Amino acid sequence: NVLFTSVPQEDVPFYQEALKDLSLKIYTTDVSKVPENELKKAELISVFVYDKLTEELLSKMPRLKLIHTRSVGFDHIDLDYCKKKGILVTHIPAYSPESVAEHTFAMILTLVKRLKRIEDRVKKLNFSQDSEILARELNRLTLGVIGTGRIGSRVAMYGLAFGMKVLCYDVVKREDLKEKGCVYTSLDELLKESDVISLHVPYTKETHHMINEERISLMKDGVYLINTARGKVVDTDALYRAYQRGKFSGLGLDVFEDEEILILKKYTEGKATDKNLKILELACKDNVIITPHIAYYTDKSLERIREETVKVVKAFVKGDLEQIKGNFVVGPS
């Protein structure tokens, strides 16, 4: 008995055909709206990043053997509970690191070349040139990459190709990046010296609100800050207060705290926070780009997410766990 939640409509037929041998229930809605009689039956659930797999929810799933998330991130799942109950958790670590790294650079270039402000001028038939739209060049700037994993290492490499000085912060210091010119530094040194800072760490207890009041105060006046990692890596209240004081040349955010309320229109069922309003206000500024968690959202990513998802599910029904060993977050035993 296989359960899929938060599946877009157009994937519904693809998963029915690809998994025809199995007993499969598919919901376009999230797991909190699935009836308890279907939760009780599920041996394998497949979710995405807005399905909160809390202890409370997972307790209603006594037959659950494996959770597969169609994502790189897995911070939406209570792993400690899964470890203690013997539930396996899989993910898709590398459907397309390029998608997010390319999106990150799209935002950096959009901001540094002031494209949004130019577009506002052009709409007013203002084709003049003046200092309000005077751009900077990447080759004169320092890029600070926080997290040099699959996505961040690509961001670091695009930086180098543009002639940027590249600083890096990670617990794992990569030879390949060092040989190419990147310099690994303390967090405090990266925050102080960078002109463009970009976040590429997972959300964990250690990265929780790591960009906070204190860290933001260490950054250069006029820094550019990009977040394509997770919203809760950044203290949105501190971000907003700093923006209002003019701290930033620009902000690029593809992820932000309480995003799910906007992205899934949960305000139709009573939800809202001050952080939703803060983000909507920022979104209107001419030196801010907010995108709705779509850095991954390319044709290549969606094709790979399908492929890998089908592979993990078939592997598990046959018991061939060796086939999917690179997919485990919580593996055997």
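Throughout, we count residues from 1 along the sequence that is shown.
When the mean C-alpha temperature factors of 278 to 286 and 30 to 38 are read from the deposited coordinates, 30 to 38 comes out higher.
Remark: stretch with higher mean C-alpha B factor among 120 to 128 and 142 to 150 is 120 to 128. Of the candidates 85, 103, 114, 220, the deposited coordinates give 85 the top C-alpha B factor. Sorting the modelled residues of the chain by their CA temperature factor places residue 68 in the middle third. In the deposited entry, the Cα temperature factor of residue 291 places it in the lowest third of its chain's modelled residues. Among the modelled residues of its chain, residue 54 has a C-alpha B-factor that falls in the highest third, as given in the PDB entry. Residue-level temperature factors show residue 195 in the lowest third of its chain, judged at the C-alpha atom. Sort the modelled residues of the chain by CA B factor and residue 254 lands in the lowest third.
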